[PDB]
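What follows is a short report on a single structure.
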Amino acid sequence: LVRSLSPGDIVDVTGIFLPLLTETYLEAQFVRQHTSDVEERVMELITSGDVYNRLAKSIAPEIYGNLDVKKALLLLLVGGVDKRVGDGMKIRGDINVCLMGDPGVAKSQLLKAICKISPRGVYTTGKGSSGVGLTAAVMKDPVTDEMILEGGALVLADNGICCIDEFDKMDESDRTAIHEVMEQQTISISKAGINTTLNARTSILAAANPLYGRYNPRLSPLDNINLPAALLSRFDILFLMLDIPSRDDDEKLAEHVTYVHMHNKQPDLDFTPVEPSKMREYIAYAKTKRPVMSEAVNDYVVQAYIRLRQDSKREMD
Amino acid sequence: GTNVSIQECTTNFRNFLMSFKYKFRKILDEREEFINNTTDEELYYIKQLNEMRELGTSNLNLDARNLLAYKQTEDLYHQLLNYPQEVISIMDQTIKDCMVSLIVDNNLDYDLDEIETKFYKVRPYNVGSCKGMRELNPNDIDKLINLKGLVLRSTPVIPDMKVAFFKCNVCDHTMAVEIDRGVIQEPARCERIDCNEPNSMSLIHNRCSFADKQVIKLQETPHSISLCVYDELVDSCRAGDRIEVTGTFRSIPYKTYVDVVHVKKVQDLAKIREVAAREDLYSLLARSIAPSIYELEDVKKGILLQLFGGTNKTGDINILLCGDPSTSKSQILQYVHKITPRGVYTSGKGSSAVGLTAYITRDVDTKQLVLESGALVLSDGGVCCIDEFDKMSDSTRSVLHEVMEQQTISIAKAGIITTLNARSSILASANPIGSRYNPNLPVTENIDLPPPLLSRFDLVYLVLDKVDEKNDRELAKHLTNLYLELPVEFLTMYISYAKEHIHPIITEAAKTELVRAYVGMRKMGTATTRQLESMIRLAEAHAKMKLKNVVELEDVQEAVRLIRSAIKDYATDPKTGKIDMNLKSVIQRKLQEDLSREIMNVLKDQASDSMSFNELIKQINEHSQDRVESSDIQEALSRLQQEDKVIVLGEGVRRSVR
Amino acid sequence: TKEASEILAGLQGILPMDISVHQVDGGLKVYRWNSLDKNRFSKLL
Ligand SMILES: Nc1ncnc2c1ncn2[C@@H]1O[C@H](COP(=O)(O)OP(=O)(O)O)[C@@H](O)[C@H]1O
Ligand SMILES: Nc1ncnc2c1ncn2[C@@H]1O[C@H](COP(=O)(O)OP(=O)(O)O)[C@@H](O)[C@H]1O
Ligand SMILES: [Zn+2]
């Protein structure tokens, strides 16, 4: 049975639990990696046919007016297709989302909700919980002089989602490592003679306040971020949740929040969101699929790209 | 299982040694065209025996592949992988027989008197390729295997006991007790009849006889296992060396280790020729490297020329990629380290000053100098990929100068004074200063590298992102055609062949081109002499792709052009360093006007009604000044024909007006 | 170092009786000197 397990795997191992205090261990016998019992629950939702909006309204049922943001979160939870190009090439099939916004726009509650919903979500604040909490390091074992890995925020979130609140405060040693994780899904460490690469298959969801604290309508948008273009290019669905006072919009959000703290329900009565237990199964089931597009829309994309590509030349100046 | 029938094996080896021909080597590898009847027909191992008996060396090199190249020894090849000791005794007897039979029984000479007493040993080395250290299993114990790796720590020459010297403490009688299977038998009584005192013997330490034992540590992957070395195999390995090992896997209480038995420290030929002489060779090779990346011909060539390399003589080429942070930079570097042997992937903040530099320290018990490897030491002879090369720390960036130019890392710290070797090639990618490339600032202000570092790179590629749909749409098609539903083996086989056999030499004619190209480049006054050696290395790398024994004008001119295209010289203003975003002027209009008028004058002035384009070129273009491209002449005559001023009846002739 | 080569090779020419030279791999090996009356030969030049 040797060379079956590998580091970082999630497995169910069957064995015998064997031993004036006795020390205990397990003798491995059978190992497996990670259904009609849940197919019935999956059948109910697809029977209704409400797929995008229902699940997008299901995530964070106590947050007002963020349907467009939630939809991006819904896709990020599901993710794309990790296309193995071949010939040694590789293209990531994950979605990275950045949530810029003014203070008091509930852009951190989404970070909590994403970590709660995802089975592999990791919640992180500040400077990536310092440089030691971010990335990873090799630690010597004083008992056997061996060196083993101690997983940080990104390494733990492997095959998962990493939320980084207050991302603008991240140091250069923090953000430079983010580039390789965002782009390569791997972390390369060369310290104390050790030259190893770590699996960092993570979805990065960052929410941060403007560079100058807040947004005033006279301010240009690029001046409200501390991030260069390379980071903004590696993000997708780059949001900008500006807060503009309004007697007809603050009224709705206030009424939405005040009902959340008043009763144990969302303010909407005509719509009931899917419970997280059923959401997890449907998302997992949906994630198993591998759709492939047609050549007709393939030619459609190159036309729409050029349409969007040419506009930005005028817009930037 | 003592499967060794000693009479059978000594008979097979007698057959093997006295009948093997060098010709049989070409059959297993199917090199039938490589049969040379002038030398391969003679017996192979008999020549070694004639040498080692005359040299006085007690060793013979056993190339284990020749066992498979002979039919009877095939039954012997499998059992050799389990029982090597019996062969050694057979070989010793065979050498003794060889001296007796081939020299004195043949009455050739008598230079064998001492050979009767000396002990020989034959060491098999070329066992078939093995599965590596990490694949070994407990069932492999005591079976000869093969490994490769890197040396880290070497212990000094430990003297191992073989003969014990005892002296009686009351009568001073001296014995000579040998070691039998690693045990020392201490006499309990003096051996003399007169002196019979019990426990009267004593061991004298410095009159004993010892044998050299060396313990060497080898690292194949970052795992590593301990090795044991004995006898005349000392003084063969030092820290930091790369070794191929053929030895025996052991275990003693668990302590798995290798009884090293040998140490090494150093049909498709027609298929290569069929690609060698083709016309689209350069484009096909350049395209093949990155099938997922569109166009970028110049980027393809240089990075390919990086893999070919220069020619070290009694050579590495480094490249920097500067461009907007959305264009193919990362993908090529990922390909390079996954297509080159033992490449290392590095980043700015992911490494340290002791990341690329091996951590040299001194042993706490043997007090020798040991090294714990490093990025620039692991990739010796290979390619190191560095992302975010701009964001490298200044201390980390500082140590590159000696590495890039002298391929050494000297360290002077408390108690340690030594220098290493880190000969390697560097591939680096750097984002532009700020967010995106700005043509308003000069080229040197968009690069965060000081001139001393910036001068070392052989090629700096300015990769710029345009908005022209004439190339965007083609790129879009190339990307979109890849996510619905030469090969790398040919490429690596091609590359591995060229680096092994091709050693080009610069010719006299090609010498002048290098001089003039640098002088002209210098005359525009950052043309340090580090760029001139960059031209020569690229010149050798081009011919290595060409698989030609020499480097010639086309190689030099293409190398000059590649540097020109990489740096984007002609599109850069010579007095401000700014980039011309536009790359028919009135001066060009005047040039074509005068060229057409001169073509008319030549056509009407010559005493022939018609002439060929080659005749016109010889008369005008090549007659004076450096030859200009004939396309302009063709364009002018085509314009005149469209205006009905000249007659073009065919490609080979041009005729006067009607 | 290069001067030592002409020194070591010079010995065999004046001592063709106790040292012999033969080549392997393109390199040179030195046969075991039977040094006897070493001083007498240098005076014959
Ligand atoms: N639309 C909303 N729905 C529900 N709660 C909200 C909403 N807007 C703000 N809040 C409340 O305000 C707080 C927002 O703070 P936070 O999510 O940390 O935003 P920021 O990242 O700007 O600090 C949350 O505790 C949340 O309860
Ligand atoms: N000329 C090109 N050929 C193929 N793919 C390209 C080209 N230019 C851009 N791309 C695409 O743009 C993306 C850029 O990613 P990459 O080059 O790895 O890092 P960066 O975004 O920092 O340049 C790649 O996924 C690649 O597929
Ligand atoms: Zn005695």
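The chains in the structure tokens are called A, B, ... from first to last as shown; in each chain the residues are counted from 1, and the ligands are counted from 1 in the order shown.
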
query: Which parts of chain C does DSSP call strand (DSSP E or B) when run on the backbone here, written out as a list in words?
result: residues 21, 22, 23, 24, 27, 28, 29 and 30 of chain C

- request: Find the residues near ligand 3. Use a cut-off of 9 Å, count only C-alpha atoms and all ligand atoms, and write them as a ChimeraX atom specification.
  value: /B:167-174,189-197,200-201

Write the residues of the preceding selection, restricted to N, CA and C atoms, as a tab-separated table (two decimals), in the first residue's frame.
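Written file, again38.tsv:
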chain	number	residue	atom	x	y	z
B	167	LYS	N	51.19	-7.30	19.98
B	167	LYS	CA	52.47	-7.54	20.62
B	167	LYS	C	52.25	-8.03	22.04
B	168	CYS	N	53.00	-9.05	22.44
B	168	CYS	CA	52.86	-9.60	23.79
B	168	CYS	C	53.52	-8.65	24.79
B	169	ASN	N	52.78	-8.31	25.85
B	169	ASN	CA	53.25	-7.30	26.79
B	169	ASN	C	54.32	-7.80	27.75
B	170	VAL	N	54.66	-9.09	27.74
B	170	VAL	CA	55.71	-9.60	28.62
B	170	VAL	C	56.89	-10.20	27.87
B	171	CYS	N	56.72	-10.69	26.64
B	171	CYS	CA	57.83	-11.25	25.89
B	171	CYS	C	58.04	-10.58	24.53
B	172	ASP	N	57.22	-9.59	24.18
B	172	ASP	CA	57.38	-8.79	22.97
B	172	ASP	C	57.35	-9.63	21.69
B	173	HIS	N	56.48	-10.63	21.62
B	173	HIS	CA	56.27	-11.35	20.37
B	173	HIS	C	55.17	-10.68	19.57
B	174	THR	N	55.37	-10.61	18.25
B	174	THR	CA	54.48	-9.87	17.36
B	174	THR	C	53.72	-10.84	16.46
B	189	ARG	N	45.96	-15.94	24.61
B	189	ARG	CA	47.24	-16.36	25.14
B	189	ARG	C	48.31	-16.11	24.09
B	190	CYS	N	49.53	-15.88	24.55
B	190	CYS	CA	50.65	-15.74	23.64
B	190	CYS	C	50.89	-17.04	22.89
B	191	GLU	N	51.17	-16.92	21.59
B	191	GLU	CA	51.27	-18.10	20.74
B	191	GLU	C	52.55	-18.89	20.96
B	192	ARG	N	53.56	-18.30	21.59
B	192	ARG	CA	54.81	-19.01	21.80
B	192	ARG	C	54.63	-20.12	22.83
B	193	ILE	N	55.38	-21.20	22.65
B	193	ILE	CA	55.30	-22.32	23.57
B	193	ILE	C	55.78	-21.92	24.96
B	194	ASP	N	56.90	-21.18	25.02
B	194	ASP	CA	57.46	-20.80	26.31
B	194	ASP	C	56.55	-19.83	27.06
B	195	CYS	N	56.01	-18.84	26.35
B	195	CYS	CA	55.18	-17.81	26.96
B	195	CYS	C	53.71	-18.16	26.75
B	196	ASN	N	53.03	-18.52	27.84
B	196	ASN	CA	51.63	-18.93	27.77
B	196	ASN	C	50.75	-18.15	28.73
B	197	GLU	N	51.13	-16.92	29.06
B	197	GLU	CA	50.36	-16.10	29.98
B	197	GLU	C	49.01	-15.74	29.37
B	200	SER	N	47.78	-11.87	27.74
B	200	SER	CA	49.06	-11.18	27.69
B	200	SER	C	49.27	-10.39	26.41
B	201	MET	N	48.33	-10.42	25.48
B	201	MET	CA	48.50	-9.72	24.21
B	201	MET	C	47.92	-8.31	24.29

- request: Would you give me, as JSON, numbers by chain, the residues of chain B that come within 9 Å of chain A, using only C-alpha atoms?
  value: {"B": [222, 290, 291, 292, 324, 325, 326, 330, 331, 334, 335, 338, 339, 344, 345, 346, 347, 348, 349, 350, 351, 352, 353, 354, 355, 356, 357, 358, 359, 371, 372, 373, 374, 375, 378, 387, 388, 391, 431, 434, 435, 436, 467, 468, 469, 472, 473, 476, 477, 480, 481, 482, 483, 484, 485, 487, 488]}

field: Contacts to ligand 1 at 6 Å cut-off (only C-alpha atoms and all ligand atoms) as a PyMOL selection string
entry: chain A and resi 62-64+102-109+253+257

message: Between A:52, A:212, A:235, A:123, which residue has the minimum interatomic distance to ligand 2, considering only C-alpha atoms and all ligand atoms?
response: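 Using only C-alpha atoms and all ligand atoms, ligand 2 sits closest to A:235.
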
Within 12 Å of residue 424 of chain B using only C-alpha atoms, minus same-chain residues under 5 positions, as a ChimeraX atom specification: /B:306-307,309-310,312,315-318,341-344,356,375-385,400,403-408

Atoms kept (N, CA, C and O atoms) for selection, written as a CSV table (one decimal), in the first residue's frame:
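The resulting file, out.csv, is reproduced below:
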chain,number,residue,atom,x,y,z
B,306,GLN,N,18.6,30.8,-26.9
B,306,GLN,CA,19.0,30.6,-25.6
B,306,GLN,C,19.2,29.1,-25.2
B,306,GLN,O,20.1,28.8,-24.5
B,307,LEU,N,18.3,28.3,-25.7
B,307,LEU,CA,18.4,26.8,-25.5
B,307,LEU,C,19.6,26.2,-26.2
B,307,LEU,O,20.2,25.3,-25.7
B,309,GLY,N,22.4,27.9,-27.0
B,309,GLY,CA,23.6,28.4,-26.3
B,309,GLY,C,24.8,28.7,-27.2
B,309,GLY,O,24.7,28.3,-28.4
B,310,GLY,N,25.8,29.2,-26.6
B,310,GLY,CA,27.0,29.5,-27.4
B,310,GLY,C,27.9,28.3,-27.5
B,310,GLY,O,27.4,27.2,-27.7
B,312,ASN,N,31.3,27.0,-25.3
B,312,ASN,CA,32.4,27.2,-24.3
B,312,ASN,C,33.7,26.6,-24.8
B,312,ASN,O,33.7,25.5,-25.4
B,315,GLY,N,29.6,31.3,-22.7
B,315,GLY,CA,28.8,30.6,-23.6
B,315,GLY,C,27.3,30.8,-23.4
B,315,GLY,O,26.5,30.7,-24.3
B,316,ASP,N,26.9,31.0,-22.1
B,316,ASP,CA,25.5,31.1,-21.8
B,316,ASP,C,25.0,32.4,-22.3
B,316,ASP,O,25.7,33.5,-22.4
B,317,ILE,N,23.7,32.4,-22.7
B,317,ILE,CA,23.0,33.6,-23.2
B,317,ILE,C,21.9,33.9,-22.3
B,317,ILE,O,21.1,33.0,-22.0
B,318,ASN,N,21.8,35.2,-21.9
B,318,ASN,CA,20.7,35.6,-21.0
B,318,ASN,C,19.8,36.6,-21.7
B,318,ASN,O,20.3,37.4,-22.5
B,341,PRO,N,16.5,20.4,-18.9
B,341,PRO,CA,16.8,19.5,-17.8
B,341,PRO,C,17.1,20.3,-16.6
B,341,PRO,O,18.1,21.1,-16.6
B,342,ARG,N,16.4,20.0,-15.5
B,342,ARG,CA,16.7,20.5,-14.1
B,342,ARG,C,16.7,22.1,-14.1
B,342,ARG,O,17.7,22.7,-13.6
B,343,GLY,N,15.7,22.7,-14.8
B,343,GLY,CA,15.6,24.1,-14.6
B,343,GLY,C,14.9,24.4,-13.3
B,343,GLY,O,14.3,23.6,-12.7
B,344,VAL,N,15.1,25.7,-12.8
B,344,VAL,CA,14.6,26.2,-11.6
B,344,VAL,C,13.7,27.4,-11.8
B,344,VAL,O,14.1,28.3,-12.6
B,356,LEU,N,19.5,32.0,-4.3
B,356,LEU,CA,20.3,31.6,-5.5
B,356,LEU,C,21.7,31.2,-5.1
B,356,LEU,O,22.3,30.3,-5.7
B,375,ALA,N,19.6,27.8,-5.9
B,375,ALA,CA,18.9,27.9,-7.2
B,375,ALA,C,19.9,28.0,-8.4
B,375,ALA,O,19.8,27.3,-9.4
B,376,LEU,N,20.9,28.9,-8.2
B,376,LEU,CA,21.9,29.0,-9.2
B,376,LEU,C,23.0,27.9,-9.3
B,376,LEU,O,23.7,27.8,-10.2
B,377,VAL,N,23.0,27.1,-8.2
B,377,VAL,CA,23.9,25.9,-8.2
B,377,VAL,C,23.2,24.7,-8.7
B,377,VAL,O,23.8,23.8,-9.4
B,378,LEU,N,21.9,24.5,-8.4
B,378,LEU,CA,21.1,23.4,-9.0
B,378,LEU,C,21.1,23.4,-10.5
B,378,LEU,O,21.2,22.4,-11.1
B,379,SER,N,20.9,24.6,-11.1
B,379,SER,CA,20.7,24.8,-12.5
B,379,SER,C,22.1,25.0,-13.2
B,379,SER,O,22.1,25.6,-14.3
B,380,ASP,N,23.2,24.5,-12.7
B,380,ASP,CA,24.4,24.7,-13.4
B,380,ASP,C,24.4,23.9,-14.7
B,380,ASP,O,24.1,22.7,-14.8
B,381,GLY,N,24.7,24.7,-15.8
B,381,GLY,CA,24.5,24.2,-17.2
B,381,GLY,C,23.1,24.2,-17.7
B,381,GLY,O,22.9,24.0,-18.9
B,382,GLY,N,22.1,24.6,-16.9
B,382,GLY,CA,20.7,24.7,-17.4
B,382,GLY,C,20.3,26.1,-17.5
B,382,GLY,O,21.1,27.1,-17.7
B,383,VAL,N,19.0,26.3,-17.4
B,383,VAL,CA,18.4,27.6,-17.5
B,383,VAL,C,17.6,27.9,-16.2
B,383,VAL,O,16.8,27.1,-15.7
B,384,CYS,N,17.8,29.1,-15.7
B,384,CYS,CA,17.0,29.6,-14.5
B,384,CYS,C,16.0,30.6,-14.9
B,384,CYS,O,16.4,31.6,-15.6
B,385,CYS,N,14.8,30.4,-14.5
B,385,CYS,CA,13.7,31.3,-14.9
B,385,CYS,C,13.4,32.2,-13.7
B,385,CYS,O,13.1,31.7,-12.6
B,400,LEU,N,24.2,39.2,-8.7
B,400,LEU,CA,24.1,38.7,-10.0
B,400,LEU,C,25.3,39.1,-10.9
B,400,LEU,O,25.6,38.3,-11.8
B,403,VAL,N,27.9,36.4,-10.9
B,403,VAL,CA,27.3,35.2,-11.4
B,403,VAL,C,27.2,35.3,-12.9
B,403,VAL,O,27.5,34.4,-13.7
B,404,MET,N,26.7,36.5,-13.4
B,404,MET,CA,26.3,36.6,-14.8
B,404,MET,C,27.6,36.7,-15.7
B,404,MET,O,27.6,36.3,-16.9
B,405,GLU,N,28.7,37.3,-15.2
B,405,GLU,CA,29.9,37.6,-16.0
B,405,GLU,C,31.0,36.6,-15.7
B,405,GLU,O,31.7,36.2,-16.6
B,406,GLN,N,31.2,36.2,-14.4
B,406,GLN,CA,32.3,35.3,-14.1
B,406,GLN,C,31.8,33.9,-13.7
B,406,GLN,O,32.6,33.0,-13.6
B,407,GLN,N,30.5,33.7,-13.6
B,407,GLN,CA,29.9,32.4,-13.2
B,407,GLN,C,30.5,31.8,-11.9
B,407,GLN,O,30.7,30.6,-11.8
B,408,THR,N,30.8,32.7,-11.0
B,408,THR,CA,31.3,32.3,-9.7
B,408,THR,C,30.6,33.1,-8.6
B,408,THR,O,30.0,34.2,-8.8

- request: Report as a VMD selection string the set of chain C residues whose atoms approach chain B to within 9 Å, with distances computed over only C-alpha atoms.
  value: chain C and resid 22 24 29 to 31

Would you save the residues from that selection as a short mmCIF file (atom, residue, chain, number, x, y, z; two decimals), in the first residue's frame, using N, CA and C atoms?
data_model
loop_
_atom_site.label_atom_id
_atom_site.label_comp_id
_atom_site.auth_asym_id
_atom_site.auth_seq_id
_atom_site.Cartn_x
_atom_site.Cartn_y
_atom_site.Cartn_z
N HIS C 22 53.29 5.52 -21.55
CA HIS C 22 52.28 5.03 -22.48
C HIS C 22 50.98 5.78 -22.22
N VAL C 24 46.78 6.60 -22.36
CA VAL C 24 45.39 6.16 -22.28
C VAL C 24 44.50 7.39 -22.28
N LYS C 29 50.61 8.15 -18.69
CA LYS C 29 50.87 7.45 -17.44
C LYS C 29 52.36 7.20 -17.29
N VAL C 30 52.84 7.21 -16.05
CA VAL C 30 54.26 7.10 -15.75
C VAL C 30 54.50 5.74 -15.10
N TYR C 31 55.36 4.94 -15.72
CA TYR C 31 55.71 3.63 -15.18
C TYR C 31 56.61 3.78 -13.96
#

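Every protein, DNA or RNA residue with an atom at most 12 Å from residue 288 of chain A, where only C-alpha atoms count and chain neighbours fewer than 4 positions away do not, is listed here: residues 78, 79, 80, 81, 82, 281, 282, 283 and 284 of chain A.
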
Selected residues written out, N, CA and C atoms, as a PDB file, in the first residue's frame:
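Just written: part_36.pdb:
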ATOM      1  N   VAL A  78     -18.654  28.471  -8.481  1.00  0.00           N
ATOM      2  CA  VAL A  78     -18.687  27.383  -9.450  1.00  0.00           C
ATOM      3  C   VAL A  78     -17.363  27.265 -10.199  1.00  0.00           C
ATOM      4  N   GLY A  79     -16.801  28.383 -10.652  1.00  0.00           N
ATOM      5  CA  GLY A  79     -15.534  28.360 -11.357  1.00  0.00           C
ATOM      6  C   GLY A  79     -15.657  27.950 -12.809  1.00  0.00           C
ATOM      7  N   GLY A  80     -14.580  28.113 -13.564  1.00  0.00           N
ATOM      8  CA  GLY A  80     -14.545  27.761 -14.970  1.00  0.00           C
ATOM      9  C   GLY A  80     -14.023  26.361 -15.204  1.00  0.00           C
ATOM     10  N   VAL A  81     -13.379  26.173 -16.353  1.00  0.00           N
ATOM     11  CA  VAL A  81     -12.801  24.891 -16.739  1.00  0.00           C
ATOM     12  C   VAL A  81     -11.291  25.055 -16.813  1.00  0.00           C
ATOM     13  N   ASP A  82     -10.570  24.269 -16.013  1.00  0.00           N
ATOM     14  CA  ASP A  82      -9.108  24.300 -16.002  1.00  0.00           C
ATOM     15  C   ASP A  82      -8.587  23.547 -17.225  1.00  0.00           C
ATOM     16  N   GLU A 281     -24.494  21.164  -2.371  1.00  0.00           N
ATOM     17  CA  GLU A 281     -24.624  19.992  -3.232  1.00  0.00           C
ATOM     18  C   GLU A 281     -24.800  20.394  -4.692  1.00  0.00           C
ATOM     19  N   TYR A 282     -25.674  21.367  -4.957  1.00  0.00           N
ATOM     20  CA  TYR A 282     -25.926  21.782  -6.334  1.00  0.00           C
ATOM     21  C   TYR A 282     -24.676  22.391  -6.958  1.00  0.00           C
ATOM     22  N   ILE A 283     -23.961  23.223  -6.200  1.00  0.00           N
ATOM     23  CA  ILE A 283     -22.721  23.806  -6.705  1.00  0.00           C
ATOM     24  C   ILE A 283     -21.699  22.711  -6.982  1.00  0.00           C
ATOM     25  N   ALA A 284     -21.575  21.758  -6.058  1.00  0.00           N
ATOM     26  CA  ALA A 284     -20.659  20.641  -6.263  1.00  0.00           C
ATOM     27  C   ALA A 284     -21.057  19.827  -7.487  1.00  0.00           C
TER      28      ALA A 284
END

task: For residue 362 of chain B, work out the shell of residues within 9 Å, counting only C-alpha atoms and skipping chain neighbours fewer than 4 positions away, then give it as a list in words.
output: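 Contacts, in chain order: residues 366, 367, 368, 369, 370, 371, 415 and 416 of chain B.
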
Quick one: write out the picked residues with C-alpha atoms as a PDB file, in the first residue's frame?
ATOM      1  CA  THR B 366      34.216  16.719  10.724  1.00  0.00           C
ATOM      2  CA  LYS B 367      34.892  20.486  10.374  1.00  0.00           C
ATOM      3  CA  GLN B 368      34.924  20.227   6.575  1.00  0.00           C
ATOM      4  CA  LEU B 369      33.254  22.697   4.235  1.00  0.00           C
ATOM      5  CA  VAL B 370      29.801  21.633   3.034  1.00  0.00           C
ATOM      6  CA  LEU B 371      27.188  23.231   0.789  1.00  0.00           C
ATOM      7  CA  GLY B 415      35.821  31.213   9.162  1.00  0.00           C
ATOM      8  CA  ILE B 416      34.779  30.522   5.551  1.00  0.00           C
TER       9      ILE B 416
END

Could you pull out the helix (DSSP H, G or I) residues of chain C, going by DSSP on the backbone, and write them as a short mmCIF file (atom, residue, chain, number, x, y, z; two decimals) with N, CA, C and O atoms, in the first residue's frame?
data_model
loop_
_atom_site.label_atom_id
_atom_site.label_comp_id
_atom_site.auth_asym_id
_atom_site.auth_seq_id
_atom_site.Cartn_x
_atom_site.Cartn_y
_atom_site.Cartn_z
N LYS C 2 53.23 24.20 -16.66
CA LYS C 2 53.69 23.79 -17.98
C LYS C 2 55.20 23.56 -18.01
O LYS C 2 55.69 22.77 -18.82
N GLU C 3 55.94 24.24 -17.13
CA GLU C 3 57.37 23.98 -17.02
C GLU C 3 57.63 22.61 -16.40
O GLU C 3 58.60 21.94 -16.76
N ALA C 4 56.77 22.19 -15.47
CA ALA C 4 56.94 20.89 -14.84
C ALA C 4 56.75 19.75 -15.84
O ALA C 4 57.34 18.68 -15.67
N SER C 5 55.93 19.96 -16.87
CA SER C 5 55.73 18.92 -17.87
C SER C 5 57.02 18.62 -18.62
O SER C 5 57.39 17.46 -18.80
N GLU C 6 57.72 19.67 -19.06
CA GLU C 6 59.02 19.47 -19.70
C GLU C 6 60.06 18.94 -18.73
O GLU C 6 61.07 18.37 -19.17
N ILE C 7 59.84 19.10 -17.43
CA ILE C 7 60.75 18.53 -16.44
C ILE C 7 60.48 17.04 -16.29
O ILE C 7 61.39 16.21 -16.36
N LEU C 8 59.21 16.68 -16.07
CA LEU C 8 58.85 15.27 -15.91
C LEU C 8 59.15 14.48 -17.18
O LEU C 8 59.66 13.36 -17.12
N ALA C 9 58.83 15.05 -18.35
CA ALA C 9 59.14 14.38 -19.61
C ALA C 9 60.64 14.34 -19.86
O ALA C 9 61.12 13.42 -20.53
N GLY C 10 61.38 15.32 -19.35
CA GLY C 10 62.83 15.31 -19.52
C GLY C 10 63.49 14.15 -18.81
O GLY C 10 64.54 13.65 -19.24
N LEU C 11 62.91 13.71 -17.69
CA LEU C 11 63.49 12.61 -16.93
C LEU C 11 63.54 11.32 -17.74
O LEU C 11 64.55 10.61 -17.74
N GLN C 12 62.46 11.01 -18.46
CA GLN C 12 62.39 9.74 -19.17
C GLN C 12 63.41 9.68 -20.31
O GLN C 12 63.96 8.61 -20.59
N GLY C 13 63.66 10.81 -20.97
CA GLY C 13 64.64 10.82 -22.05
C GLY C 13 66.04 10.49 -21.57
O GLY C 13 66.77 9.75 -22.23
N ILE C 14 66.43 11.04 -20.42
CA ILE C 14 67.74 10.73 -19.86
C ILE C 14 67.72 9.45 -19.03
O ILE C 14 68.79 8.95 -18.65
N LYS C 38 70.98 7.60 -9.92
CA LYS C 38 70.29 8.69 -10.59
C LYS C 38 71.22 9.82 -10.99
O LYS C 38 71.00 10.48 -12.02
N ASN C 39 72.27 10.07 -10.21
CA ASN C 39 73.10 11.25 -10.41
C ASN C 39 74.03 11.14 -11.61
O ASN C 39 74.47 12.18 -12.13
N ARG C 40 74.36 9.93 -12.06
CA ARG C 40 75.44 9.78 -13.03
C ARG C 40 75.05 10.25 -14.42
O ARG C 40 75.92 10.66 -15.20
N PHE C 41 73.76 10.20 -14.77
CA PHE C 41 73.37 10.45 -16.15
C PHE C 41 73.43 11.93 -16.50
O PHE C 41 73.72 12.29 -17.65
N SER C 42 73.15 12.81 -15.54
CA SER C 42 73.10 14.24 -15.83
C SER C 42 74.45 14.80 -16.26
O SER C 42 74.49 15.86 -16.90
N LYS C 43 75.55 14.12 -15.94
CA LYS C 43 76.87 14.60 -16.31
C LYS C 43 77.26 14.26 -17.74
O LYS C 43 78.28 14.75 -18.22
N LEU C 44 76.47 13.44 -18.43
CA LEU C 44 76.77 13.02 -19.80
C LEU C 44 76.16 13.94 -20.84
O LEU C 44 75.99 13.53 -22.00
#

query: Contacts of residue 177 of chain B at 10 Å or less, counting only C-alpha atoms, minus same-chain residues fewer than 2 places along, as a PyMOL selection string?
result: chain B and resi 162-166+174-175+179-180+184-187+208
